[PDB]
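Below you will find one chain, with nothing else, as structure tokens; this is the form deposited in one PDB entry, and questions on how it binds or moves follow later.
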């Protein structure tokens, strides 16, 4: 029984040239691909990368491995892939990837009676994607994964998604701690280099950042400190110690918030939409203190003029600050 199957498999490897692709020197070999995404984690803004774990699979036909007399789909050991031709698929934007190795190398080989070969791996890829963080934290990213053939051009190999739009599965099960996956799209095209034209399959996601985290940590501390700086407009201007201490401590408080977020938020060394708002609140608490400097200068000599400034400042500052938010919460939304 099993002796016959041993002869059949050992026969196929006999006189098998691993250095040559199927249908060498003739029509190109079509390779279909499926991905069963397991997780996405560590979407780093500092490193402009993300980590992806998937059950990558490939599917092509090799006539040299066709066998007869066994009505079964043989599932050979994963060490037999060292003796068969496999596509030299590589990911263009990968930075650090590996195939898992516990308790064995996570790899599958499954022959078929007509010569079809199924080949699956378990890859953890740290793919790269440049992020335009100029609307942080109200931004929306688009991170991809460029599948390509390295050695063989469009005259040798062809890539297609095996399963149409159902080729990639398991996207809905992903629960990113911060982002929320909006859409994923599948594209098939060719890319030309200095050597030749190569087939490429592109898988892309669209990520929308959740803004519920930044309301409690950033926007609400800054709005509440700004409001407190307006209390000094309702305090008698003869109280120099009270209005100065209230005014200058808010400036110190506002700076404490600003420098604290620098060491907590990811390092993004260019102007974002979170710096514009914090700097906008820094000016208002700066002007509230600056106004009292004017009142205290002329309150003794012109009580009427110093009283008019304070009464007006109770209106302009709350109105202007709300107007600033209206401009901000439209251009960045």
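Residue numbers count along the first chain shown, from 1. Take the two forms, superpose them, and find the largest set of C-alpha atoms that agree within 1.5 Å; that set is the rigid core.
Same protein, other form: the form deposited in another entry, not shown, and the subject of what follows.
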Task: Rigid-core fit between this form and the one not shown, the member of 262, 206, 100, 135 whose C-alpha shifts 2 angstroms or more - done: 262
- [ ] Check residue 178 against residue 266 at the C-alpha atoms and report closer or farther in the other entry, compared with the shown form; the change is 3 Å or more.
- [x] farther
Task: Residue pair residue 264, residue 132 - Cα distance in the other entry, closer or farther (3 Å or more) - done: closer
